[PDB]
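Peer 1: This structure is in C-alpha cells; I'll ask about it shortly.
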Amino acid sequence: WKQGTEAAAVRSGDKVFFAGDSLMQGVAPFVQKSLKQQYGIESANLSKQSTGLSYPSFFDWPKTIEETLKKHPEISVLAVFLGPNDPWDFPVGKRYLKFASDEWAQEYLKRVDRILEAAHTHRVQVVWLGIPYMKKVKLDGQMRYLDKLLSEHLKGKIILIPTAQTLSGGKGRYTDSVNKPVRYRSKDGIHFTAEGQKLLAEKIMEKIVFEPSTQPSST
C-alpha cells in the first residue's frame with residue numbers, strides 16, 4: 001500500500017495516533033487541540049518518556065503500534081517523533097549490536113519497517129518528524145547520524161517533517177532562540193518551549209488535510 005508522501009487526508013470519524021518519546025509528548029497536545037477544534041477529529045497520544053526503538057524491552061513501540069491499530073481501526077494517521085533515547089548499543093536475540101555499525105543500522109531500520117508495515121497493512125498514513133539539532137556536541141553528532149539514517153530510508157515512503165532547520169531559523173546548527181528573539185528550545189538543550197512545541201504542531205497540521213464528505217468529486 002502506497003500512502004501519500006506529501007500530506008495525509010483525514011475524514012470525520014478518523015483518529016490521529018501520536019507515538020514517540022518526550023519530543024512528541026510536548027508537541028502532540030497542540031496538534032490534538034487543533035484537530036478537535038478545526039475538524040472535530042479525535043486523537044490518541046501514547047507518547048512516553050524515555051522510549052525509542054532501540055530498547056523494546058523497556059517499551060515496545062512496534063508492538064504497541066500493531067496492537068493500537070488493531071484495537072482502533074478508525075485511526076487513519078500515525079505521527080512519530082523520537083530519537084534521543086536510542087543512540088546506544090543494544091541486544092537482538094543472541095547478538096549484541098554496537099551503535100552506528102552496519103548491523104545496528106540494519107536492525108534499527110527493520111524495526112522502523114515493522115511500524116511502516118503495520119500502518120500500511122491497515123491503510124494508515126505515517127508522518128515522521130526529523131530529529132532536531134542538539135546543544136550537546138556528542139549527542140548532536142549521534143542525532144545527525146540517526147536522522148540521516150532514518151531520512152534516507154524513509155524519503156519517498158512516508159510523510160517527513162524536518163525540524164532541525166525550522167527550530168534554528170535556518171542556521172544549520174543548534175540555537176536556543178530564533179528571530180525579536182524567540183526561544184524555541186528548553187534548558188536541557190534537547191526539548192522545546194511552548195513556542196517551540198506550537199511551531200512544530202503547526203508544521204504537523206500543514207501535513208494534515210481534512211476531506212469534506214463531498215470530496216473527492218465525481219468525474
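We label chains A, B, ... in the order they appear in the C-alpha cells, count residues from 1 in each chain, and number ligands from 1 in the order shown.
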Could you list, with a cut-off of 9 Å and counting only C-alpha atoms, the residues of stretch 151-182 of chain A near stretch 124-140 of chain A, each shown with its nearest atom pair and the distance in Å rounded to one decimal, rows sorted by chain and ascending number, as JSON lines?

Peer 2:
{"residue": "A:151", "atom": "CA", "partner": "A:130", "partner_atom": "CA", "distance": 7.5}
{"residue": "A:154", "atom": "CA", "partner": "A:128", "partner_atom": "CA", "distance": 8.7}
{"residue": "A:157", "atom": "CA", "partner": "A:126", "partner_atom": "CA", "distance": 8.9}
{"residue": "A:158", "atom": "CA", "partner": "A:126", "partner_atom": "CA", "distance": 5.7}
{"residue": "A:159", "atom": "CA", "partner": "A:127", "partner_atom": "CA", "distance": 4.7}
{"residue": "A:160", "atom": "CA", "partner": "A:128", "partner_atom": "CA", "distance": 5.1}
{"residue": "A:161", "atom": "CA", "partner": "A:129", "partner_atom": "CA", "distance": 4.6}
{"residue": "A:162", "atom": "CA", "partner": "A:130", "partner_atom": "CA", "distance": 4.3}
{"residue": "A:163", "atom": "CA", "partner": "A:132", "partner_atom": "CA", "distance": 5.3}
{"residue": "A:164", "atom": "CA", "partner": "A:132", "partner_atom": "CA", "distance": 3.9}
{"residue": "A:165", "atom": "CA", "partner": "A:132", "partner_atom": "CA", "distance": 7.7}
{"residue": "A:166", "atom": "CA", "partner": "A:132", "partner_atom": "CA", "distance": 8.7}
{"residue": "A:167", "atom": "CA", "partner": "A:132", "partner_atom": "CA", "distance": 7.2}
{"residue": "A:168", "atom": "CA", "partner": "A:133", "partner_atom": "CA", "distance": 8.0}
{"residue": "A:172", "atom": "CA", "partner": "A:133", "partner_atom": "CA", "distance": 8.3}
{"residue": "A:173", "atom": "CA", "partner": "A:133", "partner_atom": "CA", "distance": 6.2}
{"residue": "A:174", "atom": "CA", "partner": "A:133", "partner_atom": "CA", "distance": 5.0}
{"residue": "A:175", "atom": "CA", "partner": "A:135", "partner_atom": "CA", "distance": 7.5}
{"residue": "A:176", "atom": "CA", "partner": "A:135", "partner_atom": "CA", "distance": 8.3}

Peer 1: Generate the output file for the selected residues, C-alpha atoms, as a compact mmCIF listing (two decimals), in the first residue's frame.

Peer 2:
# COMPACT_ATOMS: atom_id res chain seq x y z
CA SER A 151 15.50 10.13 6.34
CA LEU A 154 12.02 6.93 4.76
CA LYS A 157 7.83 6.04 1.57
CA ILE A 158 6.04 8.29 4.08
CA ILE A 159 5.47 11.94 5.02
CA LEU A 160 8.59 13.51 6.54
CA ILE A 161 8.65 16.73 8.55
CA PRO A 162 12.19 18.01 9.13
CA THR A 163 12.54 20.02 12.34
CA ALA A 164 16.23 20.92 12.75
CA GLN A 165 16.43 23.95 10.45
CA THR A 166 12.94 25.16 11.41
CA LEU A 167 13.78 25.20 15.12
CA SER A 168 17.04 27.07 14.43
CA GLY A 172 22.23 24.78 10.23
CA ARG A 173 23.20 24.25 13.88
CA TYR A 174 21.63 24.27 17.31
CA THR A 175 20.37 27.63 18.55
CA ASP A 176 18.39 28.39 21.67

Peer 1: Apply DSSP to the structure's backbone, then extract all residues of stretch 7-216 of chain A labelled alpha helix (DSSP H) and return them as number ranges by chain.

Peer 2: A: 22-25, 28-39, 61-71, 102-121, 137-154, 164-167, 194-205

Peer 1: Include C-alpha atoms and write out the residues we just selected as a tab-separated table (two decimals), in the first residue's frame.

Peer 2:
chain	number	residue	atom	x	y	z
A	22	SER	CA	9.28	13.29	25.13
A	23	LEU	CA	9.97	15.04	21.87
A	24	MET	CA	6.44	14.07	20.91
A	25	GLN	CA	4.94	14.50	24.38
A	28	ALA	CA	1.12	16.24	20.36
A	29	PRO	CA	-1.30	18.10	22.73
A	30	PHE	CA	-1.24	21.17	20.49
A	31	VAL	CA	-1.99	19.06	17.42
A	32	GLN	CA	-4.77	17.26	19.30
A	33	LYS	CA	-6.41	20.57	20.19
A	34	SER	CA	-6.12	21.85	16.62
A	35	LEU	CA	-7.54	18.64	15.13
A	36	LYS	CA	-10.51	18.79	17.51
A	37	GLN	CA	-11.28	22.49	17.17
A	38	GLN	CA	-10.67	22.81	13.41
A	39	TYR	CA	-12.10	19.49	12.19
A	61	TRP	CA	6.82	0.77	20.09
A	62	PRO	CA	6.35	-1.55	17.06
A	63	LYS	CA	4.23	-3.96	19.13
A	64	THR	CA	2.29	-1.10	20.73
A	65	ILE	CA	1.53	0.36	17.32
A	66	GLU	CA	0.37	-3.02	15.96
A	67	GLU	CA	-1.93	-3.55	18.95
A	68	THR	CA	-3.30	0.00	18.89
A	69	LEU	CA	-4.20	-0.13	15.19
A	70	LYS	CA	-5.92	-3.47	15.76
A	71	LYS	CA	-8.00	-2.03	18.61
A	102	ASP	CA	26.12	-1.62	9.74
A	103	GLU	CA	24.34	-4.39	11.66
A	104	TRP	CA	22.99	-1.95	14.26
A	105	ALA	CA	21.59	0.24	11.49
A	106	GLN	CA	20.07	-2.74	9.67
A	107	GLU	CA	18.23	-3.86	12.81
A	108	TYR	CA	17.13	-0.31	13.66
A	109	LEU	CA	15.62	0.09	10.19
A	110	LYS	CA	13.99	-3.36	10.43
A	111	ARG	CA	12.13	-2.00	13.47
A	112	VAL	CA	11.20	1.14	11.52
A	113	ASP	CA	9.90	-1.09	8.72
A	114	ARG	CA	7.81	-3.10	11.18
A	115	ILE	CA	6.00	0.12	12.13
A	116	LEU	CA	5.52	1.04	8.46
A	117	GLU	CA	4.23	-2.44	7.64
A	118	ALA	CA	1.70	-2.32	10.49
A	119	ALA	CA	0.43	1.08	9.39
A	120	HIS	CA	0.36	0.39	5.66
A	121	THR	CA	-1.32	-3.02	6.00
A	137	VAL	CA	28.05	18.15	20.79
A	138	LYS	CA	28.32	14.37	21.07
A	139	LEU	CA	24.55	13.86	21.20
A	140	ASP	CA	24.14	16.19	18.22
A	141	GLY	CA	26.55	14.06	16.20
A	142	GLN	CA	24.62	10.91	17.13
A	143	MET	CA	21.31	12.53	16.23
A	144	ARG	CA	22.62	13.87	12.93
A	145	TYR	CA	23.72	10.31	12.10
A	146	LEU	CA	20.38	8.80	13.13
A	147	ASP	CA	18.33	11.48	11.39
A	148	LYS	CA	20.15	10.84	8.11
A	149	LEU	CA	19.82	7.06	8.54
A	150	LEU	CA	16.07	7.48	9.00
A	151	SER	CA	15.50	10.13	6.34
A	152	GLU	CA	17.48	8.30	3.64
A	153	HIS	CA	15.38	5.21	4.34
A	154	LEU	CA	12.02	6.93	4.76
A	164	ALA	CA	16.23	20.92	12.75
A	165	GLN	CA	16.43	23.95	10.45
A	166	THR	CA	12.94	25.16	11.41
A	167	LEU	CA	13.78	25.20	15.12
A	194	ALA	CA	5.77	26.16	24.47
A	195	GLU	CA	6.62	28.33	21.44
A	196	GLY	CA	8.79	25.54	20.03
A	197	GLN	CA	6.05	22.96	20.61
A	198	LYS	CA	3.46	25.19	18.93
A	199	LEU	CA	5.72	25.75	15.92
A	200	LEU	CA	6.21	22.01	15.41
A	201	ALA	CA	2.49	21.40	15.90
A	202	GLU	CA	1.81	23.91	13.12
A	203	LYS	CA	4.25	22.01	10.91
A	204	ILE	CA	2.30	18.80	11.56
A	205	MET	CA	-1.02	20.48	10.76

Peer 1: So that I can check the surroundings of stretch 50-59 of chain A, please list as an MDAnalysis selection string every protein, DNA and RNA residue that reaches within 6 Å of it, counting only C-alpha atoms and ignoring chain neighbours fewer than 3 positions away.

Peer 2: chainID A and resid 21 85:86

Peer 1: Would you write out those residues with N, CA, C and O atoms, as a short mmCIF file (atom, residue, chain, number, x, y, z; two decimals), in the first residue's frame?

Peer 2:
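Dumped everything to result-v2.cif:
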data_model
loop_
_atom_site.label_atom_id
_atom_site.label_comp_id
_atom_site.auth_asym_id
_atom_site.auth_seq_id
_atom_site.Cartn_x
_atom_site.Cartn_y
_atom_site.Cartn_z
N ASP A 21 8.67 9.67 22.02
CA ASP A 21 9.24 9.93 23.34
C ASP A 21 8.86 11.34 23.80
O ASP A 21 7.83 11.88 23.36
N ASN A 85 16.66 8.83 22.92
CA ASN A 85 16.92 7.71 23.81
C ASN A 85 17.51 6.50 23.10
O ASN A 85 17.77 5.47 23.74
N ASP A 86 17.77 6.60 21.80
CA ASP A 86 18.18 5.45 21.02
C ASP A 86 19.67 5.30 20.65
O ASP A 86 20.03 4.25 20.11
#

Peer 1: Please determine, counting only C-alpha atoms, which residue among A:49, A:101, A:5, A:215 has the shortest atom-to-atom distance to residue A:26.

Peer 2: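 That would be A:49, the residue with the smallest distance to residue A:26.
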
Peer 1: Nearest residue to residue A:8 out of A:20, A:75, A:183, A:83, using only C-alpha atoms?

Peer 2: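 Using only C-alpha atoms, residue A:8 sits closest to A:75.
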
Peer 1: Hey, what does DSSP flag as strand (DSSP E) within stretch 5-209 of chain A? Can you give it to me as number ranges by chain?

Peer 2: A: 8-10, 15-20, 42-45, 75-81, 90-92, 95-97, 125-129, 159-161, 177-178, 182-183, 208-209
